[PDB]
Every structure is written in C-alpha cells, then in structure tokens.
Protein chains: 2
Amino acid sequence: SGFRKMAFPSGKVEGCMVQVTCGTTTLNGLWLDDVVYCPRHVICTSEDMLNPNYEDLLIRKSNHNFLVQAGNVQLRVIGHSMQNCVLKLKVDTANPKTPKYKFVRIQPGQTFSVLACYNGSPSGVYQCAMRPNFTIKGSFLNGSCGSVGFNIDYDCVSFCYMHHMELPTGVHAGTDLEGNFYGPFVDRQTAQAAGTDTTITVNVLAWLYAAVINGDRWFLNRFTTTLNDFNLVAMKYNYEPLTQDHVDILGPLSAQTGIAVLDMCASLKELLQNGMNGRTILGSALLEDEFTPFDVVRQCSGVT
Amino acid sequence: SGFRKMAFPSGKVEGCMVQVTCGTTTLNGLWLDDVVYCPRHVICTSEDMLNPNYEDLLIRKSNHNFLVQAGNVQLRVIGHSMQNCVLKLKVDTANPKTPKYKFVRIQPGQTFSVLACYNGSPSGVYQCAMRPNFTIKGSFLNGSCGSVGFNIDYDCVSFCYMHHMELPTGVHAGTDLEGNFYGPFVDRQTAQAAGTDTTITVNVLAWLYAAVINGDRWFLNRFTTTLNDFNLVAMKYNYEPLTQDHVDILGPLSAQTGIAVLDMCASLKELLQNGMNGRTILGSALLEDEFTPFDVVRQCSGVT
Ligand SMILES: Nc1cncc(NC(=O)Nc2cccc(Cl)c2)c1
Ligand SMILES: Nc1cncc(NC(=O)Nc2cccc(Cl)c2)c1
C-alpha cells in the first residue's frame, strides 16, 4: 500500500554522466559506448545564445576544444559531429559502465525519470511527464543542461530526453537523444511561449484507479458516462480528450478493480464539476496526471 | 527554476541490495562490508507473526538457513546475530561496491530517499519524511521489507531507515540500521494505531521559501506574526509548534529571499485560515511538508 511519485533507480544512468566543457561553458554529457552526447549549445557564449549559427560556431571548434571528464579522469576526444541540436563526441574509450540502451522519442503524456546533474555529477532524481504542450516541469538550474530523462525495462535504459533550456516561464524544453526538440522549441535565447498545458486525462484516470487499489474510494460515484459526454466536460476543463485507445490501455486497471473505465470517467467528471471540497486523493488535493497506466500497474505490482 | 520532490541518486544503494530468504520468507537485505542487514521477521512464517518470540524462533535457525543472493550469485553466511529488530548476517565476502557509510537515527520531520526493492532488486526510488507520529507514508508491497531509506553527503551514504511493516491504516513502520523501531511500533501482526499525523511546520515554511525563489509569490501578504501567535494557529491546524531552532534553521532561506521568518509565518497563518481558494503553490493544492530547509537549499543551489 501507498502510492508515491517514484523514479526508476538511477545507478545505470549515473554510470553514464560526464562533464563536458567548451570554452567557458560547462554542462553534462551522456557517455554511451565511445560517444558522449551533449547539447550543442555547449559551444555558445551567453552572447552567442541570442542568435547562434551553430554550423558556423562549430567550424571554430576542434576535438581538443571539447573537454570531457568522467569522474576525475579526462577522456580523449577523437571526433565530433552535430546531429540536430546535440553534439556527439567520439572518445577513445568505450564507457565500461554502458548499460543496454535505446534512444526513444516519447509522446506527450509519457512519464520518465530525470537524473539532474551538475558538472557531470548527479544531484538528484525525480519523475516527470512530457506535457501535452511538449514542455516538462522539471527542476533545473544553470549547469543542468545535458541531464537526461529515461525509462528502464528491467536492464535496458531507454533514453528519451536531454535537457537544453528553461523557457522564460520556468518550464523546460529539450530534445530526444537524436537531438530533435520535443515540440516547437529552438536552442536560442528568444521569446518562445508554451501552448496550453492541458491535463493528461488517461493519466488522471490511471491515478484514480491507483487510489481505489490503495483504499481511497470516497470519490467513487453511482454514475457512468460515455466518451463523447465525458470529452465535452474534459474540453471545458482543459483536459486532453480520451480516446478508445486510452480506454483500452486502462483495461487491466479496470479488470483489477472491477470499475468500468466509463464509470471512472463519470467519477472524474464529478470531481471536475464539484471540486475536491477540501478532501484529498492519495494525499493530493489536485488530480495527478504524471502517472501513466503502465506506471500504476508497475507500482501496484512491484516490477524491478 | 522548478521545484520537484527529488530523491538522491540511488546507485550507491543499488550496489548494496541483496535478496535474503529464510524458509518460505523472501525479503531484502543491505550488504555493507561483510554484513547483510535485514528485518528479523525474515525468520517468521505469516503464522508466527501473530505473536513471535524472536529469540526462540532464532534458535531453530542456522547460518545455512539464511540464503543470501547478490545478483545471481549466492553469498556464504558464516555468522548471524540479532540486534534489536534486525538480523546481521556475516558473509565471507565484503561487498565490493560498499560505499562510505554511516548509520544514523533521524528525527521526525527529516526527509530521506527510499529505494523500494523486491527480491533484492530495486524497483524505484522516492522521497519520504519521518512523520511526527514516527510512521512514513511509503509505497511498499509484500516483499519490500528490508528496503532502506538514506541520505547522501557527497559520497557518504547515511542509512536511516529499514522497512519492516505496513500498519492496518496503510502507513509504514520501520527501524534505524541498529534495528530500533522509529516510534512505538513492534514487529508483530497486532493492532498498532498511529498517533496524529501533524504537519511539519518548518518544512512547509522551507517549501514556501522555495516557492518564492521559483516565482510563486501570490500567497505573500503584508502581515507579520510572533512565534507564540503563530503557534496558537499551528496547534489548531494540527501543525507542529515552531521553535527558535526552526527559525534559526530557516535563516539562510530568509536571507536569500529577504523575507523574515515571522513574515513567512504570517503568510502561512493566512493560508491556513483562508485556504488556497483553488490556487496552487509549486503546482500543489496543499501545503507540502516533505522538504526540509536543507533540501530546499540543496535543490535551489545544485549540490551533487
Ligand atoms: N535555470 C536553468 C534551467 N535549465 C536550463 C538553463 N539554461 C538555459 O536555458 N540555457 C539556454 C538559454 C537559451 C536557449 C538555450 Cl538552447 C539554452 C537554466
Ligand atoms: N504491503 C506491505 C507493505 N509493507 C510491508 C508488508 N509486510 C508486513 O507488514 N509484514 C509484517 C506484518 C506484521 C508485522 C511485521 Cl513486523 C511485518 C506488506
């Protein structure tokens, strides 16, 4: 019992973090095999950030200008290239601690763990979700760029995010491990405003199921609804529309609790329309949307 | 910017988790040097749990009855002893991955990270606080016993908790690494109810400071209060009394934000008396009390 915002154990990713310096700029890099991945903006001065021409700024950089340090030992850089918004630094030593890994590009609503790093050193780990507006609400300070987001499937680490920037609103933007930004964001110190941060409906429903499994049942009502009726209310409350795919994904949770997906939708509809009335669900006073249906199953079943 | 419920990177502790089996009972153990620590209730059948006489049950156990497995390799047990509610299993091999470590007994209000494990395998990491009633609100299933709580000071892991049980209320109880339970709890399947789960006032104030640092300032008011006046309101709302020691501990946060501790107390007093009015502070609709003043400083400064 109990339900917590839980991150994956970070050891496998801690073994991949290195420090990358280019001129006066120091940030984090991810060392997998003989390659170190990092944000390409490591080549910029805070002055270049206003309007950087990365191809041009890169011409003035050589392998010996990228200083890569793993622990207290320097790695030898034998090649460098730009792929989208990431730099790939070929080093002469394969990371001995390289876990089995994949590079995945996640969808909005997907959750992942972030290992916040500074100077190639891990400072903490927390759970995130890729917001429907393609931002993440992280906790990142100057120097945290190159910190990564990931999921673990037993012993295979799927890297899904690399931190690049903080928007003027304090929300965060980054890329997948091929250097493609999530959403419309660009690595430039310019006005970029995020779109509507809607609520991930399928995640809230998964979390309501977790609440029922853990004994918090007060919000369960005697109603049901339809996808169309529910979605009318969801739109009004800035919630993502729920599709039959989402209902299907919640099938296991529906089966384990005996609560039909549409009945849980009706409970959610009433929570939206009536509010919590000062009550809490799983110790929260707001509807949590950063647990996927897979996360709920994983936490309620004990997958290691 | 951003403020997240952040756990310490868990790699150092992942390297210490082993599986311990005694008869039909399998749980987790912590392998430090040539000793494996685990809950003594590993010697019980679910039948023994009603009224166990641990000294007596232990007489029927030999070193070869404790099966310790690290990864997929069995460790040889050459000694066993009971210290309070933990068993110490002397193995013939020092853990090669033993970090620098300490055993500390924390105070209520202190936070720590938990690496939830099953069968000696880590499944997730989350941040907790020792509640004023000496329970923790964790996320633990059957088989999670022996999972540990810890803090890290750069490279030294201070172990502060070992999981032993879930109360009939779904809250959790455990020991320090000397086997002494936090609070009045006993390792017996008997009625044990927890006391009042009061709010850790110094932690809420630290979190209000973190909110101001991160731009969430709406709740700041034009009032001040005194410790005595504030504490009258705190008592009414089941909040822990605030002492001059707590004010002192918040000094750094007060200095960094320019908000006197007693003025932040007055803001908190109004939040208690008026509620949030549907607003959020750091994306939460309730006052968070599981960040200590040290945690806020650490997260807002980037300590690795
Ligand atoms: N506090 C903080 C959190 N996360 C990242 C940073 N750095 C940051 O945003 N740097 C930067 C500025 C403009 C554009 C690009 Cl691509 C990068 C700072
Ligand atoms: N769900 C769950 C979470 N955490 C622990 C357990 N096991 C559990 O409480 N076992 C047990 C029962 C009575 C007394 C003692 Cl000392 C241990 C189960």
Side-chain angles (χ1 to χ4, degrees), chain A residues 1-15 17 113-128 136-144 152 154 166-167 169-172 214-216 275-276 278 280 282-287 295 298-304, chain B residues 1-15 17 113-128 136-144 152 154 166-167 169-172 214-216 275-276 278 280 282-287 295 298-304:
Chain A
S1 179
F3 204 80
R4 279 282 186 180
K5 188 63 70 63
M6 196 179 282
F8 290 99
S10 60
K12 291 188 176 311
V13 177
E14 284 169 62
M17 306 307 308
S113 296
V114 168
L115 180 59
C117 295
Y118 296 93
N119 302 125
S121 297
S123 48
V125 58
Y126 54 88
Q127 192 72 355
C128 276
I136 74 161
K137 310 193 174 134
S139 179
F140 295 113
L141 304 172
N142 280 324
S144 66
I152 307 174
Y154 171 51
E166 191 171 85
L167 295 191
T169 43
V171 300
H172 305 107
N214 289 280
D216 230 333
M276 309 274 279
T280 63
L282 290 172
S284 170
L286 28 74
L287 302 171
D295 294 337
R298 196 180 303 111
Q299 192 169 162
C300 299
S301 80
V303 176
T304 69
Chain B
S1 179
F3 204 80
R4 279 282 186 180
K5 188 63 70 63
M6 196 179 282
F8 290 99
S10 60
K12 291 188 176 311
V13 177
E14 284 169 62
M17 306 307 308
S113 296
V114 168
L115 180 59
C117 295
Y118 296 93
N119 302 125
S121 297
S123 48
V125 58
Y126 54 88
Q127 192 72 355
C128 276
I136 74 161
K137 310 193 174 134
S139 179
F140 295 113
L141 304 172
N142 280 324
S144 66
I152 307 174
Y154 171 51
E166 191 171 85
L167 295 191
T169 43
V171 300
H172 305 107
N214 289 280
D216 230 333
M276 309 274 279
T280 63
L282 290 172
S284 170
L286 28 74
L287 302 171
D295 294 337
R298 196 180 303 111
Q299 192 169 162
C300 299
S301 80
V303 176
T304 69

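Quick note: numbers below take in every heavy atom, side chains included, and nothing from hydrogens, waters or symmetry partners. In the text below, chain A, chain B and the rest are named by the order of the sequence lines, each starting its count at 1.
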Exercise. Checking heavy atoms, do the side chain of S284(A), its backbone, both or neither come under 4.5 Å from chain B?
Worked result: backbone
Problem set entry | Check: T304(A) and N119(B) side chains under 4.5 Å, non-hydrogen atoms | no
Seminar exercise, completed: Comparing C300(B), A285(B), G278(B) against chain A, the one with the most heavy-atom pairs below 4.5 Å turns out to be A285(B)
Exercise. How long is the span from the OG atom in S1(B) to the CG atom in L141(A), to the nearest 0.5 Å?
Worked result: 8.5 Å
Seminar exercise, completed: Hits for ring-ring contact (aromatic ring centres under 6.0 Å, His included) against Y118(B), two or more places apart or cross-chain, chain-then-number order -> none
Seminar exercise, completed: To the nearest 0.5 Å, atom CG of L282(A) lies from atom NZ of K137(B) at 11.5 Å
Problem set entry | Residue, of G2(A), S139(A), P122(A), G11(A), that accumulates the most heavy atom pairs under 4.5 Å with chain B | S139(A)
For this session: Find the distance between CZ (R4(A)) and CD1 (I136(B)) and round it off to the nearest 0.5 Å.
Result: 8.0 Å
Seminar exercise, completed: When every non-hydrogen atom of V303(A) is compared with those of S123(B), the smallest separation belongs to O-CB, 2.9 Å
Problem set entry | Rounded distance (nearest 0.5 Å) linking atom CG of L286(A) with atom CE of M276(B) | 8.0 Å
Exercise. To the nearest 0.5 Å, what is the distance between OH (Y126(B)) and CD (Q299(A))?
Worked result: 8.0 Å
Exercise. What part of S301(A) lies closer than 4.5 angstrom to a heavy atom of chain B: side chain, backbone, both or neither?
Worked result: backbone
Seminar exercise, completed: d(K12(B) NZ, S10(A) OG) to nearest 0.5 Å is 11.0 Å
Problem set entry | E14(A) versus chain B, the contacting section by heavy-atom distance below 4.5 Å | side chain
